[PDB]
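**Student:** experimental structure and its sequence below.
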Amino acid sequence: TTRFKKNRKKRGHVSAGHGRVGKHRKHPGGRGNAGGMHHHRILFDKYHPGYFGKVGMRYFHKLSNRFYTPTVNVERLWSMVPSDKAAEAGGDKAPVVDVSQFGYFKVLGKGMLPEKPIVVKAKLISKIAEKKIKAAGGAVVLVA
Amino acid sequence: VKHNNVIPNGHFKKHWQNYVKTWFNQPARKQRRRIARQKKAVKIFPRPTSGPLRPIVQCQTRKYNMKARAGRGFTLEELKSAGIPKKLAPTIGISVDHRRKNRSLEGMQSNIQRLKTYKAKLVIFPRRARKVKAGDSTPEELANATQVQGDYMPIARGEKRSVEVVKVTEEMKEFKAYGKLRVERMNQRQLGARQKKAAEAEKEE
RNA sequence: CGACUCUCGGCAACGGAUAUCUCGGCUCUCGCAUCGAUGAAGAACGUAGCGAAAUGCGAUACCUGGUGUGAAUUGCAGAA
RNA sequence: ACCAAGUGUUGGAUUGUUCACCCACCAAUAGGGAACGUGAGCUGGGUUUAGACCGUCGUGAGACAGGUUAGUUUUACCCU
RNA sequence: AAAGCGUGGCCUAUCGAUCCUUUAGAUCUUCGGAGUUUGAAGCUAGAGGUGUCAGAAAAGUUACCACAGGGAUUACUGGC
RNA sequence: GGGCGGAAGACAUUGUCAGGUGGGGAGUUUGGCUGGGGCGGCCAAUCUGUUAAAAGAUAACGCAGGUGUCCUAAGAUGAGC
RNA sequence: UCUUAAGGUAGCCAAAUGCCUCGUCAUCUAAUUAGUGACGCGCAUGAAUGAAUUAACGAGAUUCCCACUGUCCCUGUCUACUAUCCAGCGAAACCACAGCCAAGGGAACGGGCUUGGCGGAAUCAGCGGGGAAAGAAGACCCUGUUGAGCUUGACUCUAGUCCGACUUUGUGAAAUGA
RNA sequence: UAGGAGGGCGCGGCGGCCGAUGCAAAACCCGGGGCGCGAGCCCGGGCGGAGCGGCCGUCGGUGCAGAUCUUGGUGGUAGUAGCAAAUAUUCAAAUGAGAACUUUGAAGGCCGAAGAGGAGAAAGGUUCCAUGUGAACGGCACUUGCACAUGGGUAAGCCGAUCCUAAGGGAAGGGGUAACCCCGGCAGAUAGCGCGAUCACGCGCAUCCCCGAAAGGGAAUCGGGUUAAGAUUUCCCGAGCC
RNA sequence: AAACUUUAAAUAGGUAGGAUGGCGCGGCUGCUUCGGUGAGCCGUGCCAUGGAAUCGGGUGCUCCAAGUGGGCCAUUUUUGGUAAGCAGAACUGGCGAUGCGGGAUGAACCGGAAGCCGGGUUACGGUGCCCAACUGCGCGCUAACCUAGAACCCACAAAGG
RNA sequence: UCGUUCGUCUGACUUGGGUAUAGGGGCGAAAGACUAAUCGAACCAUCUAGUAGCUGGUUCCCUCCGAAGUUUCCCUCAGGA
RNA sequence: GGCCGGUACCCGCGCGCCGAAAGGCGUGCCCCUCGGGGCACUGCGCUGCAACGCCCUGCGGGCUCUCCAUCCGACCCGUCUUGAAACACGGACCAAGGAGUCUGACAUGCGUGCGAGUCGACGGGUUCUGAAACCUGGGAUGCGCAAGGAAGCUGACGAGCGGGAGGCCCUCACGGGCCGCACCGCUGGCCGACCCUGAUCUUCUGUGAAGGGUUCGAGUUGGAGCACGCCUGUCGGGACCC
RNA sequence: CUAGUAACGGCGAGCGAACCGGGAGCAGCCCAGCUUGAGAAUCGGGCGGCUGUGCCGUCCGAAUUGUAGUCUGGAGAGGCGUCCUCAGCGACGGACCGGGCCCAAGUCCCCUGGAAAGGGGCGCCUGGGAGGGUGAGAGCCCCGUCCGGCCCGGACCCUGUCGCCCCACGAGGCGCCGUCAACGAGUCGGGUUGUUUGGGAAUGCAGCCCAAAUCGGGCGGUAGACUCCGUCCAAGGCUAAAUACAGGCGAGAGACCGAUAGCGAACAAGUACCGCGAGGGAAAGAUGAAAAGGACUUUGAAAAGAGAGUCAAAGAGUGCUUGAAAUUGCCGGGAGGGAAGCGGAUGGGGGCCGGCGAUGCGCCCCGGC
Ligand SMILES: [Mg+2]
Ligand SMILES: [Mg+2]
Ligand SMILES: [Mg+2]
Ligand SMILES: [Mg+2]
Ligand SMILES: [Mg+2]
Ligand SMILES: [Mg+2]
Ligand SMILES: [Mg+2]
Ligand SMILES: [Mg+2]
Ligand SMILES: [Mg+2]
Ligand SMILES: [Mg+2]
Ligand SMILES: [Mg+2]
Ligand SMILES: [Mg+2]
Ligand SMILES: [Mg+2]
Ligand SMILES: [Mg+2]
Ligand SMILES: [Mg+2]
Ligand SMILES: [Mg+2]
Ligand SMILES: [Mg+2]
Ligand SMILES: [Mg+2]
Ligand SMILES: [Mg+2]
Ligand SMILES: [Mg+2]
Ligand SMILES: [Mg+2]
Ligand SMILES: [Mg+2]
Ligand SMILES: [Mg+2]
Ligand SMILES: [Mg+2]
Ligand SMILES: [Mg+2]
Ligand SMILES: [Mg+2]
Ligand SMILES: [Mg+2]
Ligand SMILES: [Mg+2]
Ligand SMILES: [Mg+2]
Ligand SMILES: [Mg+2]
Ligand SMILES: [Mg+2]
Ligand SMILES: [Mg+2]
Ligand SMILES: [Mg+2]
Ligand SMILES: [Mg+2]
Ligand SMILES: [Mg+2]
Ligand SMILES: [Mg+2]
Ligand SMILES: [Mg+2]
Ligand SMILES: [Mg+2]
Ligand SMILES: [Mg+2]
Ligand SMILES: [Mg+2]
Ligand SMILES: [Mg+2]
Ligand SMILES: [Mg+2]
Ligand SMILES: [Mg+2]
Ligand SMILES: [Mg+2]
Ligand SMILES: [Mg+2]
Ligand SMILES: [Mg+2]
Ligand SMILES: [Mg+2]
Ligand SMILES: [Mg+2]
Ligand SMILES: [Mg+2]
Ligand SMILES: [Mg+2]
Ligand SMILES: [Mg+2]
Ligand SMILES: [Mg+2]
Ligand SMILES: [Mg+2]
Ligand SMILES: [Mg+2]
Ligand SMILES: [Mg+2]
Ligand SMILES: [Mg+2]
Ligand SMILES: [Mg+2]
Ligand SMILES: [Mg+2]
Ligand SMILES: [Mg+2]
Ligand SMILES: [Mg+2]
Ligand SMILES: [Mg+2]
Ligand SMILES: [Mg+2]
Ligand SMILES: [Mg+2]
Ligand SMILES: [Mg+2]
Ligand SMILES: [Mg+2]
Ligand SMILES: [Mg+2]
Ligand SMILES: [Mg+2]
Ligand SMILES: [Mg+2]
Ligand SMILES: [Mg+2]
Ligand SMILES: [Mg+2]
Ligand SMILES: [Mg+2]
Ligand SMILES: [Mg+2]
Ligand SMILES: [Mg+2]
Ligand SMILES: [Mg+2]
Ligand SMILES: [Mg+2]
Ligand SMILES: [Mg+2]
Ligand SMILES: [Mg+2]
Ligand SMILES: [Mg+2]
Ligand SMILES: [Mg+2]
Ligand SMILES: [Mg+2]
Ligand SMILES: [Mg+2]
Ligand SMILES: [Mg+2]
Ligand SMILES: [Mg+2]
Ligand SMILES: [Mg+2]
Ligand SMILES: [Mg+2]
Ligand SMILES: [Mg+2]
């Protein structure tokens, strides 16, 4: 929107806002990230520490799919239960949630669970996640 | 370069303005493809406009092996088990894939049932006017025949979400899910050292 | 009162701004696939009652023929 | 030493020279300034591009506040 | 004997990033089909050095010279 | 006599790699500060005193000097002197 | 006597080569930083980097002498063509605004400012004091992480050339070798 | 000041709204009247002769005094600098609107023949010749012209070119080359075969094709006439030659 | 006696002047002690006339970003230099960036800082003319035959008569 | 370019036409001379709107707020963070 | 004596009489004791100061317009600079053109929509002025929803305190008490790299009751994000223009 | 989309893919080799004929150093077997392609005007109010536009139906069998060199050297040896569609430019003109509705002038719509002693301003509305 650009308010002002002494010159500091270790060293060290150097080890031909493990916490397992089936239950009778049908591979343990037992059926799980599920009275099932 | 910003990394140092691709012909592309589809539909009428039948396959790569999609074509065993000869299938609307394999029985069974399901609802006109050879159909059938459009055999991508209710039994509560994973990971990494200690047993002992 | 210089106004010059246009340009989109030894693209010279250029044409030379249309071409003259 | 800048302060050998120094006359051959007065006033000897020689220096290209020789000096008609 | 003192030199100077190489440490991690097993690649901590010492890999000449600038800066008058 | 006539002859030569030489030629470089620049120096890392104006900071190619080391003891501690 | 690879030999000289330097002596002059002849502790001469000579020659550099003369003392006069005036024709450079001075202050040499001097229409021909006059983004000097020509003991390369193996490349004989 | 922000003014489109205009739109002109701190705006008068404006939203190649800015136009300079080499013109008459500059006659001079004379090669291209002519052009002028317009004009067995080779160039097979291209002696059934023959066969084939000189080499012409303009030798007359 | 010092200022430097204070009671500790011995903390309950003068809403908190990184001048302290309208420092202010009144004239000297106006009064500086305002009222000194002399900075004059 | 004055003029002489050598190349009795008014590397087009820490310019109004020439690091000192 | 102002309240006026109008006129208490003085109860309404002039289509009135005169002030702009009127550069004049833009990435701020989600941006369907509009997919496309490790891997077991806007209860109220958002400060728990620790169980190398740490994280104990739009800023691009 | 990611990189500046997944579009084929041997069954050419893009006859020739047929790893040759499957031309069309024609309604009344296409009145068409022309803003004046109608000519090798012809002992499918089972060589592959890549003990490619195999070969993104595992079969060839498209030809559009803009060129523009050449490269649109483009008279050598004539208008007069500024002439006015202009004051002249400046409101008395 050219009508709100501020250069339209500096018309009639000689320098267009860039100063009389230090002008608007072409590339007075160099182009791009020139001088990251010479004359932009303070800026690179201050705002981007860790920028220079080589850490760790290479992984020729990395495929992301090999590393895919979506995760869900136990605090979110009861939104997964439909209400009518959340009603059908006894003290020993609990719903079973295949988190694999919701796109999750591992179950993590953040958050609280209600007293109602649950049977989480997952590919992977953490220590605490099963410790919290058992403490609610439910069980864990491993699948593939 | 100046104030706390992200490190700039734009790849604009070549003669990029000579390879700018704009999309002003996108609405015209849709129309040409629509006319192409429409013109194709008439020249294949009454054959279905989606194309030949595609089998169910599981996708590759961990991330997707839980999802089913359409594959290129039926294997030779799937074709022969359903009793559709190798060189007749493309002529009646069924694609073939001489390269795909059947490593797991369930996949083979699923795609066999599709061929019978397709064969059940398939109708074939005679090659001439009055002669009815093998595989042809009744005149009543050939008048009720229209050009079906869309996906006449849909593929469900994966398992429907079901949250059943069961009773949590004492064995279920005793099972250590985390303990099972760690001991099974343990066995995997000791596989060589165990086999080596075993292997050297028969070498020396 | 005058001459000269400067200046204000009216009129008249000089010049081609402005306005109003536009058989041109620019941009986007679509369809199609057609040069040549059977001599192409390009170059040259000719060619009209009155023509230099452009346009057209080739000693059949601003055209011959067929077909469609249906009474003009036009700057002047003439067969009509 | 005073008042006093009214008048005057030259001809030549050698040197591009300012400076100098001799010859000679003279009453005297005082000292200075004016964008170190004065190049759209001259001249171009020197210095101060490009050619070239010598000496010293430098491995060399070349250097020389060393010596040498040859090397373009434009315009007024405006205002004062 | 002990309280204590001792993390170099009585105190104030005496020293060095990334990348690379090299060493030490774990009965460590990886080489992505699984293993054995050389080799390689990592993790932590040192050394090999940047003295222009917050750290480019670097000889002249130009009088045959060029360009962007500088009165932020010399060579002449003027000024203190 | 199925040798045109001679000379060399599996060495020359060719092709591909390897080492050496190579301003003949290509590309490039040839710090900074600086009472102009150059030459000199280092006031570029760096310590003590002073300048420094009794807190701290404080300049100059300011002043008088120093540094790139040395030490199994010249490190530690105890005792005696 | 120290030293060197050798210690500048024959010659030549204040030379187009000598700083000092206008060297010292003589000659030329009335008077010579000039010239020529000598002298040689030669800043910094010297032998094909050629040394020393040298008749003839030279639009080559330099000194002197006779003749000649407006080069000069010292200017005057004459001719032609201009300039000048007229008819006709008719540009360009340059141009912030302009256009009289003295002193002061001021970016430290004003046309304008301050304070004084002054100052009267309109015109013609000249002149070179000023306009720090015109011409040209100083060629000297510096700066720039701008160049280029040339050089080399700069860094990095490279054509060429030399050298070896393999290939082309077959045949068979001996001697030391394994 | 450098710099930042807000609120406005102005220009041109697009979506909407509200309107003016042949009873005179836009643009432009004015010593016309006003409004606003200002950017700007409103009206009057004139000129013109067919388009235009305000408001809301939105958009942009949107505001000039400079850049030795770009293009165009215009001044002062200024009726000024200037029209000065190659010795030189004068008198009558004709012509004509108009004569220093055209034409005829007379006189006075110059080039002085290594010419200011008579002819060509290159280069030009109609400038050649006649008739006519308003402007422009011929740095004054012109009745005039190398200008403008309309016509006309270049005649060859014998002059040339054309033929031959020079230095040199191009080139087929072959060699190189990624290919464009680069190599001619490298020697290949080298291009071409030539000659006698036809009524067919014979012989021979050697250093070999093409281009390259209007000054080199070379079949053959002379004299006299003729036009406004062609010819000395192209046309005519006569006489020859290859 | 800058690179000597016993002594030792003026100016400038630091801290404090309550509600973020104090006490009693009963608890915690893996720290400390011979030890409830302490150190600290926790919970409760009470008190605390606001604890010098003056002045006053806060960068208090956070974000995004521009320009600048040639300075120069004056009084004072101060280094090199014979000195300089020279070079380099310390504190403050000014100019730069700012007009206005005065110093004739001037970037930083004196006064003073600002919307457009009416009236009044001042600051620095002045009151013979130029030039608004007295040739005002007083007292002395000076007589220049050198241009007497006459404006903070400031546009000099010294030793000596 | 012009005037006067000069150098050479049987020779390493003057000259026309033809032909050969083309740009890091030619050609040079050598001056970095000449190669179409262009030469210490011609000319033409393109890459190319090459890069510039350097010079010049940078277009309407009002109102409000309002600086810095100092620190540290940088082949850094006319620049930048 | 000068400047401003002219009253909607402050003053002032009517409500009773006298008086042209100033102004006066009543009663009672206190005071001196002349003059007279001081206080008193107070109510309803109302509420822009005047008097005369001058001119009235005129030779009048005023004017922001034009010219001229006079007094005071007053150097030429743009630019770089500590400093420009400069003997610093550019500018003879006029008209027209003429320079921070477009795009990609990111960031803060602001607006809009939805919200643990959010995007329909490649396609498909449909659409008769529309290359528009409208529908559809996504059960996992991007970003977010979880992090620490070089990696193998493991992956948040549920927070107290001080100050706090605001609400509520109590008091005649000043004061008190209760709960306390955001934000600031303080101390912790948990996840992970590293270290340390080890009951029990177990597939003998795994698990992990308990117990940890002057260590490290862009962590958690607050789900706030995603899409679009605009200014500004950094960067790449011809990149404000030459 | 992965993804500014893995990687590559004085690990600096920077650079940078692929797999998976989602869409568009989908289609697979044919050779060589052991396999005619009672038999080259194949192919070209001349000539002749006919139904003529070909088929037939015949004569020459190619080819056995190999034409045809089989066969291509998914296989295949064989053997057996109930079985199951196969030939073409007519006739009319539908679609797509080009072309020519035909198609609604006012020019009714008044005014202004040169001109009515403008205003007012009265009407009409509209599946047609896109656009253009015609003397000023026209739905109805003209061409067109909407709905469609018609007539002519193509290419087509796509399918829609009626007609006759009836596919086979050949081949193919399918059921079993196990005997066979042939599969591309200076090539692969390895070394080394150079280049290239994101490809890192080497991604592709190329030179040279070495140089294969047939329980064998190529891969599984870190060089190496062994055991296993997944995977594919190079060294011969063809193959639509989805994609690209500053040229060519034919269209349709636009929040674009409006004659210094837009292409260099709106115009006899790649023109004039320049350069030996390669090359460089402009300027320049607008009378009027209609030429009605100014007869004639008079002065002049002429160009022209003055009268006149045309026109709504020429003062719109052949570079002619409008017609700014700089700069210039004439007429009128004003001022001036080495600048002028400028800011504040006011005085004199001008020039201009009547919304420049009022004559109305309340009581009243009639005399009518
Ligand atoms: Mg500003
Ligand atoms: Mg800015
Ligand atoms: Mg600027
Ligand atoms: Mg800057
Ligand atoms: Mg600066
Ligand atoms: Mg900057
Ligand atoms: Mg550095
Ligand atoms: Mg002079
Ligand atoms: Mg000289
Ligand atoms: Mg010289
Ligand atoms: Mg010299
Ligand atoms: Mg003169
Ligand atoms: Mg010690
Ligand atoms: Mg180190
Ligand atoms: Mg692997
Ligand atoms: Mg440093
Ligand atoms: Mg160099
Ligand atoms: Mg030199
Ligand atoms: Mg070199
Ligand atoms: Mg330097
Ligand atoms: Mg110096
Ligand atoms: Mg102090
Ligand atoms: Mg101190
Ligand atoms: Mg000797
Ligand atoms: Mg000597
Ligand atoms: Mg003499
Ligand atoms: Mg001598
Ligand atoms: Mg010597
Ligand atoms: Mg020598
Ligand atoms: Mg000579
Ligand atoms: Mg004259
Ligand atoms: Mg003066
Ligand atoms: Mg001046
Ligand atoms: Mg005068
Ligand atoms: Mg004069
Ligand atoms: Mg002069
Ligand atoms: Mg000048
Ligand atoms: Mg310069
Ligand atoms: Mg630098
Ligand atoms: Mg260079
Ligand atoms: Mg070297
Ligand atoms: Mg536009
Ligand atoms: Mg613009
Ligand atoms: Mg302008
Ligand atoms: Mg400006
Ligand atoms: Mg004259
Ligand atoms: Mg002359
Ligand atoms: Mg002769
Ligand atoms: Mg003639
Ligand atoms: Mg003439
Ligand atoms: Mg020839
Ligand atoms: Mg000849
Ligand atoms: Mg001849
Ligand atoms: Mg004859
Ligand atoms: Mg104190
Ligand atoms: Mg900065
Ligand atoms: Mg400044
Ligand atoms: Mg006042
Ligand atoms: Mg002669
Ligand atoms: Mg010759
Ligand atoms: Mg020649
Ligand atoms: Mg030279
Ligand atoms: Mg640019
Ligand atoms: Mg500068
Ligand atoms: Mg300066
Ligand atoms: Mg000056
Ligand atoms: Mg300059
Ligand atoms: Mg100028
Ligand atoms: Mg403009
Ligand atoms: Mg999602
Ligand atoms: Mg940019
Ligand atoms: Mg991403
Ligand atoms: Mg690349
Ligand atoms: Mg009609
Ligand atoms: Mg009508
Ligand atoms: Mg119309
Ligand atoms: Mg019609
Ligand atoms: Mg490679
Ligand atoms: Mg292919
Ligand atoms: Mg144009
Ligand atoms: Mg053009
Ligand atoms: Mg008119
Ligand atoms: Mg007109
Ligand atoms: Mg018109
Ligand atoms: Mg006109
Ligand atoms: Mg004018």
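**Tutor:** Great, that's in hand. Residues are numbered from 1 along each chain as shown, chains lettered A, B, ... in the order given. Ligands and ions are numbered 1, 2, ... in the order given.

**Student:** the lengthiest strand in chain A vs RNA strand K: in contact?
**Tutor:** In chain A, with assignment by DSSP state E, the single longest strand is strand A:93-98. No - against RNA strand K, strand A:93-98 shows no contacts by C-beta under 7 Å from any atom of the strand, the least distance being 9.1 Å. Yep, even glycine has a C-beta here, placed from its N, CA and C like the rest.

**Student:** packing partners of that strand?
**Tutor:** Contacts defined by 3 or more C-beta pairs under 8 Å, 6 or more residues apart in numbering or on different chains; DSSP states H and E place strand A:93-98 against strand A:119-122, strand B:165-167.

**Student:** what pairs with the first one, and is each one parallel or antiparallel?
**Tutor:** Read it as strand A:119-122. Sheet pairing of strand A:119-122 (DSSP bridges) gives strand A:93-98 (parallel), strand A:139-142 (parallel).

**Student:** give me the contacts around the helix or strand that contains residue B:106.
**Tutor:** Using DSSP states H and E, residue B:106 sits within helix B:105-121. With C-beta atoms under 8 Å, 6 or more residues apart in numbering or on different chains as the test, helix B:105-121 has contacts from B:53, B:55-58, B:74-75, B:77-79, B:81-82, B:84, B:93-94, B:102, B:153.

**Student:** before we move on, what about stretch B:178-186?
**Tutor:** A:124-127, A:130, A:142.

**Student:** quick one: buried residues of it?
**Tutor:** For stretch B:178-186, the neighbour count (16 or more other C-beta atoms under 10 Å in any protein chain shown) marks B:178, B:181 as buried.

**Student:** please put the alpha-carbon coordinates of that stretch into CSV.
**Tutor:** In CSV, the C-alpha atoms belonging to stretch B:178-186 read as follows (Å, rounded to 0.1, in the frame of the first residue of the first chain):
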residue,chain,number,x,y,z
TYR,B,178,8.1,-50.5,30.3
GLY,B,179,10.0,-53.5,31.7
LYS,B,180,9.2,-55.5,28.6
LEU,B,181,10.5,-52.8,26.3
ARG,B,182,13.8,-52.3,28.1
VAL,B,183,14.5,-56.1,28.3
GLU,B,184,13.7,-56.5,24.6
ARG,B,185,16.0,-53.6,23.7
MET,B,186,18.6,-55.3,25.9
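
**Student:** quick one: that stretch near RNA strand K?
**Tutor:** Yes - using C-beta under 7 Å from any atom of the strand, stretch B:178-186 reaches RNA strand K at B:178-186.

**Student:** great, nothing more from me.
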